[PDB]
Amino acid sequence: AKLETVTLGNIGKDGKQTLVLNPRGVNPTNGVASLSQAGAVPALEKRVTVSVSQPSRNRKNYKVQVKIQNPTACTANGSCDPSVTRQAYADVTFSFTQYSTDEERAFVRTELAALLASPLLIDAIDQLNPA
Amino acid sequence: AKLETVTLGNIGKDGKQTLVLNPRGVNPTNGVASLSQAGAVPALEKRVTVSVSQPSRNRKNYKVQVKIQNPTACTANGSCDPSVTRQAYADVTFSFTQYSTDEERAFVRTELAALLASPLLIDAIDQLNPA
Amino acid sequence: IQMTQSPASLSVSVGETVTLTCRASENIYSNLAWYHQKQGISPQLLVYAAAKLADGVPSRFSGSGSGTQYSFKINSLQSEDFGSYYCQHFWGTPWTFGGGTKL
Amino acid sequence: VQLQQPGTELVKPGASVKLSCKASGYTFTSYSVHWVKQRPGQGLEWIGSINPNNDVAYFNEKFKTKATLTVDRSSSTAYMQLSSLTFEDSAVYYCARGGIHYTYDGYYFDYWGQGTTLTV
Numbered sequence: 001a002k003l004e005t006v007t008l009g010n011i012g013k014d015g016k017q018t019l020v021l022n023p024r025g026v027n028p029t030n031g032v033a034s035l036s037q038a039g040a041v042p043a044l045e046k047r048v049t050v051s052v053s054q055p056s057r058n059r060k061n062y063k064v065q066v067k068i069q070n071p072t073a074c075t076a077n078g079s080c081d082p083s084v085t086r087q088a089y090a091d092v093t094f095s096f097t098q099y100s101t102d103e104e105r106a107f108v109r110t111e112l113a114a115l116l117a118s119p120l121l122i123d124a125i126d127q128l129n130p131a
Numbered sequence: 001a002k003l004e005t006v007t008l009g010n011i012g013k014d015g016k017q018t019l020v021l022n023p024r025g026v027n028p029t030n031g032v033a034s035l036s037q038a039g040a041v042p043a044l045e046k047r048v049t050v051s052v053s054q055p056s057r058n059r060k061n062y063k064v065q066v067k068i069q070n071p072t073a074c075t076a077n078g079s080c081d082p083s084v085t086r087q088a089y090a091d092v093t094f095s096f097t098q099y100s101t102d103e104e105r106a107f108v109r110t111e112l113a114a115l116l117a118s119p120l121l122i123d124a125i126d127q128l129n130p131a
Numbered sequence: 020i021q022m023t024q025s026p027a028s029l030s031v032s033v034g035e036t037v038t039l040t041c042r043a044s045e046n047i048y049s050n051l052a053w054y055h056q057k058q059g060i061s062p063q064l065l066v067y068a069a070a071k072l073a074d075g076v077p078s079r080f081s082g083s084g085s086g087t088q089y090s091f092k093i094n095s096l097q098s099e100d101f102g103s104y105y106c107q108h109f110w111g112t113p114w115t116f117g118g119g120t121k122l
Numbered sequence: 021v022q023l024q025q026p027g028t029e030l031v032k033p034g035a036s037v038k039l040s041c042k043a044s045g046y047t048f049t050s051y052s053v054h055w056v057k058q059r060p061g062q063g064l065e066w067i068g069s070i071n072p073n074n075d076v077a078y079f080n081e082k083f084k085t086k087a088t089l090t091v092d093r094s095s096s097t098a099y100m101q102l103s104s105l106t107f108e109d110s111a112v113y114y115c116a117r118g119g120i121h122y123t124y125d126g127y128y129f130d131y132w133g134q135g136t137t138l139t140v
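Residue numbers (the entry's author numbering), protein chains in the order written: chain C, 1 to 131; chain c, 1 to 131; chain L, 20 to 122; chain H, 21 to 140.
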């Protein structure tokens with residue numbers, strides 16, 4: 001539906017760290033819908049973009065793509081403005097079929113979420129331990 | 001760390017379904033773990049693979065890749081064995097860097113998890129309508 | 020999945036340990052609760068995973084379970100521990116609760 | 021953290037009043053809310069439950085055609101309908117918060133409020 005101010009609460013390694021995302025408008029060229037964070041500097045702010053395939057009469061496949069990327073920057077010595085030193089990326093691409101029902105797509109999405117909360121993948125991401 | 005059985009309960013749409021994954025051995029040519037559900041026929045069952053780039057002396061940047069697929073099959077007329085009718089894929093790729101601290105790596109994983117349960121992606125995946 | 024609990028009455032005076040079980044029908048994994056209520060007020064949570072103490076309840080309650088058979092026990096019965104303990108499974112959707120065993 | 025839900029309600033058979041449960045102290049739109057029905061002399065039932073954000077509903081099979089439940093985010097309240105009431109409905113209705121809006125492992129009811137003791 002129409003994108004709104006998404007607020008994510010109780011996240012990050014423990015307890016509570018809220019994160020309020022404000023919409024940043026759809027890109028007409030390719031249709032990605034952007035979200036961002038109310039940061040002091042426009043280039044030091046976390047952002048996420050979703051992109052659902054446009055429904056057509058003859059489209060024998062669909063593709064959802066969610067792309068999070070958030071930067072972390074320190075105050076570089078010898079300059080008055082902060083500069084991005086590194087950033088973390090994460091993209092997920094669902095790929096369904098023209099005949100897939102809702103029970104399948106909901107299943108895949110919730111399975112991915114529960115796997116993200118699983119005791120295996122939490123350590124595989126936090127501590128980078130291969131399985 | 002060391003992979004074992006992974007149990008997911010109350011998974012989505014209506015919370016009526018469960019899913020138990022059993023380890024299926026690490027591939028030794030490219031280090032890809034494997035998990036699968038105990039299905040009727042090995043050719044059709046839900047599979048999950050987790051791949052983490054191995055630690056090395058320097059490396060450019062690390063990579064975590066999760067890749068699930070759920071095949072749905074039907075008993076076609078004139079045949080005695082089920083044939084996989086279709087399947088829905090999904091994959092997520094994290095791209096942390098060498099100096100990434102543990103806290104910010106654990107922030108992306110649960111930001112994605114808390115975003116896959118927001119209304120925006122529920123509407124974007126379950127019904128396939130853009131924003 | 021239907022949970023069937025084990026002796027409902029158990030009588031027992033306040034001088035001994037008491038142990039009870041809450042069987043599961045179709046191998047629920049290690050995720051079930053052990054609610055406790057005293058008559059006239061709302062229930063309270065004691066064990067919230069299988070063997071984990073919930074928030075601040077004193078460490079005289081202890082739970083443990085196999086793949087499809089789980090147990091709950093108390094060291095000192097004491098005067099307060101009464102009121103038809105309950106067990107609930109969280110594997111499927113129905114979350115059917117148990118029969119309830121008074122003391 | 022506290023959930024409060026009146027003390028007593030009386031309808032007469034045929035009518036349908038909607039029970040309310042107000043939660044204060046834990047940022048309402050982060051933990052799902054569950055409803056449990058206790059007979060005067062029998063066990064608990066687990067009517068159903070929803071979470072405040074994204075409004076996904078989990079129902080028991082028996083109560084699917086009898087009760088519907090919703091949220092009010094502005095006042096941070098949970099409502100439950102009981103669209104039709106017969107003689108064998110006088111019970112105690114507890115509202116308890118348990119879980120979180122993005123994990124499917126912890127759903128243990130820990131913070132039960134008091135009852136309502138419906139009478140028909």
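The C-beta atom is built at its ideal place from N, Cα and C for all residues, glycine as well.
Taking DSSP as the reference, what is the three-state secondary structure of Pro23 of chain c?
Along the second sequence, one-based indexing puts residue 23 of chain c at 23. For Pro23 of chain c, the secondary structure class from DSSP, reduced to helix, strand or coil, is strand.
If you compare alpha carbons, which of L:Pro77, L:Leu122 and L:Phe109 is closest to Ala43 of chain L?
Locating residue 43 of chain L in the third sequence gives position 24, where the first residue counts as 1. Distances from the alpha-carbon of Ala43 of chain L to those of L:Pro77, L:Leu122 and L:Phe109 put L:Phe109 closest.
Residue nearest to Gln88 of chain L in terms of C-alpha spacing, selected from L:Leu29, L:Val37 and L:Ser49:
Mapped onto the third sequence, residue 88 of chain L falls at position 69. Distance check between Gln88 of chain L and each of L:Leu29, L:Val37 and L:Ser49 places L:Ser49 closest, using alpha-carbon atoms only.
Let's test the definition: count the other Cβ atoms within 10 Å of the Cβ of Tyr128 of chain H and tell me whether it reaches 16, buried, or not, exposed.
Numbered from 1 along the fourth sequence, position 108 holds the residue referred to as residue 128 of chain H. Per the 10 Å Cβ criterion, buried.
Tell me whether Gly39 of chain c counts as near the ligand MN, meaning its Cβ is closer than 8 Å to at least one heavy atom of that ligand.
The model on display carries no ligand, and the ligand MN is accordingly not part of it.
Closer than 9 Å, CB to CB, is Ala90 of chain C near chain H or not?
Taking the first residue of the first sequence as position 1, residue 90 of chain C is located at position 90. Cβ-Cβ to chain H under 9 Å: no for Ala90 of chain C.
Taking the alpha-carbon of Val41 of chain c as reference, which of c:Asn61, c:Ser83 and c:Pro130 has the nearest alpha-carbon?
Working through the second sequence from its first residue, we reach residue 41 of chain c at position 41. Of c:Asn61, c:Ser83 and c:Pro130, the smallest CA-CA separation from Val41 of chain c is found for c:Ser83.
Applying a beta-carbon distance threshold of less than 7 Å, which residues of chain L neighbour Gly78 of chain c?
The count along the second sequence starts at 1 and reaches residue 78 of chain c at position 78. Within chain L, no residue comes near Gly78 of chain c; the closest Cβ sits about 36 Å away, beyond 7 Å.
Please report the residue range of the beta strand (DSSP E) in which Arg42 of chain L lies.
The residue labelled residue 42 of chain L in the question sits at position 23 within the third sequence. Its beta strand (DSSP E) spans residues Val37 to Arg42.
Between which residues of its own chain and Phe79 of chain H is the CB-CB distance below 6 Å, once the five residues before and five after are set aside?
For the purposes of this step, residue 79 of chain H is taken as residue 59 along the fourth sequence, with counting starting at 1. Closer than 6 Å at Cβ, skipping near neighbours: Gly68.
For a quick check, are the C-beta atoms of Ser110 of chain H and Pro60 of chain H less than 9 Å apart?
In the fourth sequence, counting from the first residue as 1, residue 110 of chain H sits at position 90. In the fourth sequence, counting from the first residue as 1, residue 60 of chain H sits at position 40. For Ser110 of chain H and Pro60 of chain H, yes; Cβs fall inside 9 Å.
Let me confirm a value: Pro28 of chain c is counted as buried when at least 16 other C-beta atoms fall within 10 Å, else exposed. Which label applies?
Residue numbering aside, residue 28 of chain c sits at position 28 when the second sequence is read from its first letter. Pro28 of chain c comes out exposed.
Taking its Cβ as the centre, do 16 or more other Cβ atoms sit within 10 Å of residue 134 of chain c, making it buried, or is it exposed?
Missing from the structure shown is residue 134 of chain c; chain c here goes from 1 to 131 and no further.
How is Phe109 of chain L classed by DSSP in three states: helix, strand or coil?
Within the third sequence, the letter at position 90 stands for residue 109 of chain L. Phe109 of chain L falls in the coil class under three-state DSSP.
Closer than 9 Å to chain L by CB, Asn22 of chain c
Mapped onto the second sequence, residue 22 of chain c falls at position 22. Chain L contact via Cβ: absent.
Going by DSSP in three states, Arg57 of chain c sits in which element: helix, strand or coil?
In the second sequence, the residue the question calls residue 57 of chain c occupies position 57. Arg57 of chain c carries a coil assignment under DSSP once its states are collapsed to helix, strand and coil.
Leaving out five residues before and five after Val56 of chain H in sequence, what residues of the same chain have Cβ atoms less than 6 Å from its Cβ?
For the purposes of this step, residue 56 of chain H is taken as the residue at position 36 of the fourth sequence. Non-local beta-carbon contacts of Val56 of chain H in its own chain, meaning distances under 6 Å to residues more than five positions away in sequence, involve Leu64, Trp66 and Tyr114 in chain order.
The alpha helix (DSSP H) spanning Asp123 of chain c covers which residue range?
Counting from 1 along the second sequence, the entry for residue 123 of chain c is found at position 123. Where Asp123 of chain c is concerned, the enclosing alpha helix (DSSP H) stretches over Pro119 to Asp126.
With DSSP collapsed to three states, give me the class of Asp92 of chain H.
By one-based count along the fourth sequence, residue 92 of chain H stands at place 72. Here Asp92 of chain H sits in strand by DSSP.
Buried versus exposed, by CB contacts within 10 Å (16 or more), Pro33 of chain H
For the purposes of this step, residue 33 of chain H is identified with residue 13 of the fourth sequence, where counting begins at 1. With fewer than 16 Cβ atoms within 10 Å of its Cβ, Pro33 of chain H is classed as exposed.
With 9 Å as the threshold, decide whether the Cβ of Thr115 of chain L is near any Cβ in chain c.
For the purposes of this step, residue 115 of chain L is taken as the residue at position 96 of the third sequence. Between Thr115 of chain L and chain c, the shortest Cβ-Cβ separation is not below 9 Å.
Is there a Cβ from chain H that is less than 9 Å from the Cβ of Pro77 of chain L?
The residue you call residue 77 of chain L lines up with position 58 of the third sequence. Cβ-Cβ to chain H under 9 Å: no for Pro77 of chain L.
Tell whether a beta-carbon distance below 9 Å holds between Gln69 of chain c and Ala38 of chain c.
Residue numbering aside, residue 69 of chain c sits at position 69 when the second sequence is read from its first letter. Residue numbering aside, residue 38 of chain c sits at position 38 when the second sequence is read from its first letter. In this structure, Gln69 of chain c sits away from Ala38 of chain c, with a CB-CB distance that is not shorter than 9 Å.
Measure the C-alpha to C-alpha separation of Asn30 of chain C and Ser53 of chain C and round it to an integer number of angstroms.
For the purposes of this step, residue 30 of chain C is taken as residue 30 along the first sequence, with counting starting at 1. For the purposes of this step, residue 53 of chain C is taken as residue 53 along the first sequence, with counting starting at 1. Rounded to the nearest angstrom, the two C-alpha atoms are 10 Å apart.
Check the Cβ of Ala114 of chain c against every Cβ in chain H and list those closer than 8 Å, keeping chain order.
On the second sequence, residue 114 of chain c is found 114 positions in, with the first residue counted as 1. Per Cβ cutoff of 8 Å: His121 and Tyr122.
Output yes or no for whether 9 Å exceeds the beta carbon distance between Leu121 of chain c and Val64 of chain C.
As a first step, residue 121 of chain c is located in the second sequence; it is residue number 121 there, counting from the start. As a first step, residue 64 of chain C is located in the first sequence; it is residue number 64 there, counting from the start. Yes, Cβ-Cβ distance for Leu121 of chain c and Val64 of chain C is below 9 Å.
What separation, rounded to the nearest whole angstrom, lies between the Cα atoms of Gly117 of chain L and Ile11 of chain c?
Indexing the third sequence from 1 puts residue 117 of chain L at position 98. Indexing the second sequence from 1 puts residue 11 of chain c at position 11. Their Cα atoms are separated by approximately 23 Å.
Coarse secondary structure for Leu112 of chain C, derived from DSSP in three states:
In the first sequence, residue 112 of chain C corresponds to position 112, counting from 1. Residue state, collapsed to three classes: helix.
Interface residues of chain H around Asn30 of chain C at Cβ under 9 Å?
Translated into positions along the first sequence, residue 30 of chain C becomes position 30. Listed along chain H is no residue with a C-beta nearer than 9 Å to that of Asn30 of chain C; the closest approach is about 27 Å.
Collapsed DSSP secondary structure at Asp102 of chain C in the structure displayed
Within the first sequence, residue 102 of chain C is the residue found at index 102, counting from 1. Reduced to three states, the DSSP call for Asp102 of chain C is helix.
Confirm, please, whether the CB-CB distance from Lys38 of chain H to residue 13 of chain H is below 9 Å.
This structure gives no information on residue 13 of chain H, because the portion of chain H shown stretches from 21 to 140.
Find out if the Cβ-Cβ distance for the pair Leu8 of chain c, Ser118 of chain C is shorter than 9 Å.
Along the second sequence, read from residue 1 onward, the residue named residue 8 of chain c stands at position 8. Along the first sequence, read from residue 1 onward, the residue named residue 118 of chain C stands at position 118. Less than 9 Å divides the Cβ of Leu8 of chain c from the Cβ of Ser118 of chain C.
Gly27 of chain H and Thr123 of chain H closer than 9 Å at C-beta
By 1-based counting over the fourth sequence, the position of residue 27 of chain H is 7. By 1-based counting over the fourth sequence, the position of residue 123 of chain H is 103. The criterion of a C-beta distance shorter than 9 Å is not satisfied by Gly27 of chain H and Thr123 of chain H.
Taking Cβ positions only, does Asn10 of chain c come closer than 9 Å to chain A?
Of the protein chains in the structure, C, c, L and H, none is chain A.
Which bits of chain L does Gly15 of chain c rub up against, with CB to CB less than 7 Å?
As a working note, residue 15 of chain c is residue 15 in the second sequence. Within chain L, the residues near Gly15 of chain c are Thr112.
From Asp126 of chain c to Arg117 of chain H, what does the alpha carbon distance come to, in whole angstroms?
Against the second sequence, residue 126 of chain c aligns to sequence position 126. Against the fourth sequence, residue 117 of chain H aligns to sequence position 97. Each residue's Cα considered, the two are about 26 Å apart.
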